[PDB]
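Here is the structure we will look at, set down as structure tokens.
The numbers here are math on the coordinates, done by the rules we state, and not lab data. Here the Cβ positions follow ideal geometry from the backbone for every residue, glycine too, while neighbour counts run over all protein chains shown.
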């Protein structure tokens, strides 16, 4: 009953609240020679255009 | 960044890395004040010690050259005051 009452706008708001321009936590196991470092990953959670 | 001399050196010398764990905090969770005054104090102590060590040959040579400079200056003053030039 609560699952058919969700609005697309509400879902977009929830997605924007917690993803956009937020600090993530990364865990890596393996060849870290090729996996990007945190700083770069922190700079791609937002876009210049927005 | 590949096809570079330092990458080639890494691959030739260092082994295939294994058993290293790195923990990084985001800069937003680290206070810039942080370890600030302690680092200032201890780095200043270290630099004072190091410069006291490696500056003493320069101090000794400077003392000798200052002695020579004083001698030459007084000699030239005597020469000019006596019309001996």
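Just give me the residues in segment A:31-50 being away from chain B (no Cβ under 11 Å), assigned to a loop (DSSP other than H, G, I, E, B) and over 13 Å from the mean Cα position of the chain (by Cα), in sequence order.
Selection gives A:35, A:36, A:48, A:49, A:50.
Assess whether residue B:17 counts as being without any contact (Cβ under 8 Å) to a residue 12 or more places away in the chain and either within 14 Å of chain A (Cβ to nearest Cβ) or in contact with a helix residue (DSSP H, G or I) (Cβ under 6 Å, 6 or more places away or on another chain) (or both).
Details: without any contact (Cβ under 8 Å) to a residue 12 or more places away in the chain: yes; either within 14 Å of chain A (Cβ to nearest Cβ) or in contact with a helix residue (DSSP H, G or I) (Cβ under 6 Å, 6 or more places away or on another chain) (or both): yes.
Against the criterion (without any contact (Cβ under 8 Å) to a residue 12 or more places away in the chain and either within 14 Å of chain A (Cβ to nearest Cβ) or in contact with a helix residue (DSSP H, G or I) (Cβ under 6 Å, 6 or more places away or on another chain) (or both)), residue B:17 qualifies.
Would you mind stating whether residue A:25 is outside any helix (DSSP H, G or I), without any contact (Cβ under 8 Å) to a residue 12 or more places away in the chain, within 26 Å of residue B:28 (Cα to Cα) and within 14 Å of chain B (Cβ to nearest Cβ)? Break it down stepwise before answering.
Values: outside any helix (DSSP H, G or I): yes; without any contact (Cβ under 8 Å) to a residue 12 or more places away in the chain: yes; within 26 Å of residue B:28 (Cα to Cα): yes; within 14 Å of chain B (Cβ to nearest Cβ): yes.
Criteria met by residue A:25.
What number of residues within segment B:24-54 are part of a helix (DSSP H, G or I), away from chain A (no Cβ under 14 Å) and either touching a helix residue (DSSP H, G or I) at 6+ places or on another chain (Cβ under 7 Å) or closer than 30 Å to residue A:28 by Cβ (or both)? Even if it seems obvious, please write down each step before you answer.
Step one: of segment B:24-54, the residues part of a helix (DSSP H, G or I) are B:27-29, B:36-54.
Within this subset, residues satisfying the condition of being away from chain A (no Cβ under 14 Å) are B:36-54.
Add one more test, that the residue is either touching a helix residue (DSSP H, G or I) at 6+ places or on another chain (Cβ under 7 Å) or closer than 30 Å to residue A:28 by Cβ (or both), and what stays is B:39.
Looking only at that region, the number is 1.
Read through the list (1) within 14 Å of chain A (Cβ to nearest Cβ); (2) farther than 30 Å from residue A:25 by Cβ; (3) assigned to a loop (DSSP other than H, G, I, E, B), then give the number of the only condition that residue B:6 fails.
With respect to (1) within 14 Å of chain A (Cβ to nearest Cβ); (2) farther than 30 Å from residue A:25 by Cβ; (3) assigned to a loop (DSSP other than H, G, I, E, B), residue B:6 is out only on (3).
What's the number of the condition residue B:57 fails, among (1) in a helix (DSSP H, G or I); (2) exposed (fewer than 10 other Cβ atoms within 10 Å of the Cβ); (3) over 20 Å from the mean Cα position of the chain (by Cα)?
(3)
I'd like to verify a number: residues in segment B:9-23 that are part of a loop (DSSP other than H, G, I, E, B) and surrounded by fewer than 10 Cβ atoms within 10 Å (Cβ to Cβ), how many? Walk me through it before giving the result.
Going residue by residue through segment B:9-23, those that are part of a loop (DSSP other than H, G, I, E, B) are B:14-23.
Filter again for surrounded by fewer than 10 Cβ atoms within 10 Å (Cβ to Cβ), leaving B:14-16, B:18-23.
Number satisfying all stated conditions: 9.
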